[PDB]
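Peer 1: this one is an experimental structure. Sequence first:
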Amino acid sequence: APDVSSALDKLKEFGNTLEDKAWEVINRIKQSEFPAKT
């Protein structure tokens with residue numbers, strides 16, 4: 001059997017740490033409006 005029913009607690013933590021931080025940066029860049037054209 002696959003570990004799918006026992007191998008998602010790890011990845012869930014991966015999108016939890018640094019990930020939530022990346023979104024936390026959207027508040028430090030979105031407030032500035034990040035108008036820097038590309």
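Peer 2: Good, I have the coordinates. Numbering: from 1, shown residues only.
Peer 1: put the alpha carbons of the longest helix seen in the chain into PDB.
Peer 2: In the chain, taking DSSP state H as the definition, the longest helix is helix 17-30. In PDB, the C-alpha atoms belonging to helix 17-30 read as follows (Å, rounded to 0.1, in the frame of the first residue of the first chain):
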ATOM      1  CA  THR A  17       7.100  27.000   7.600                       C
ATOM      2  CA  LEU A  18       8.900  29.300   5.000                       C
ATOM      3  CA  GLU A  19       5.800  29.000   2.800                       C
ATOM      4  CA  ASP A  20       3.600  31.000   5.200                       C
ATOM      5  CA  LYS A  21       6.600  33.400   5.300                       C
ATOM      6  CA  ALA A  22       6.600  33.900   1.500                       C
ATOM      7  CA  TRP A  23       2.900  35.000   1.900                       C
ATOM      8  CA  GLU A  24       4.000  37.200   4.800                       C
ATOM      9  CA  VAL A  25       6.300  39.000   2.400                       C
ATOM     10  CA  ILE A  26       3.300  39.800   0.200                       C
ATOM     11  CA  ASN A  27       2.300  42.200   3.000                       C
ATOM     12  CA  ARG A  28       5.700  43.900   3.000                       C
ATOM     13  CA  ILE A  29       5.700  44.300  -0.800                       C
ATOM     14  CA  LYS A  30       2.000  44.800  -1.400                       C
END
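Peer 1: can you give me the offset of that helix from its chain's centre?
Peer 2: For helix 17-30, the separation from the chain centroid amounts to 7 Å (computed by CA atoms, centre = their mean, to the nearest Å).
Peer 1: helices or strands next to that helix in the packing?
Peer 2: Using 3 or more CB pairs under 8 Å, 6 or more residues apart in numbering; DSSP states H and E as the contact test, no helix or strand touches helix 17-30. (C-beta placed from N, C-alpha, C; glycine too.)
Peer 1: flag every buried residue along that helix.
Peer 2: By neighbour count on 16 or more other CB atoms under 10 Å, the buried set for helix 17-30 is empty.
Peer 1: what's in contact with that helix?
Peer 2: Residues outside helix 17-30 that contact it (CB atoms under 8 Å, 6 or more residues apart in numbering): none are found.
Peer 1: can you do 10 Å?
Peer 2: Identification of contacts with helix 17-30 by CB atoms under 10 Å, 6 or more residues apart in numbering yields 13, 15, 34, 36.
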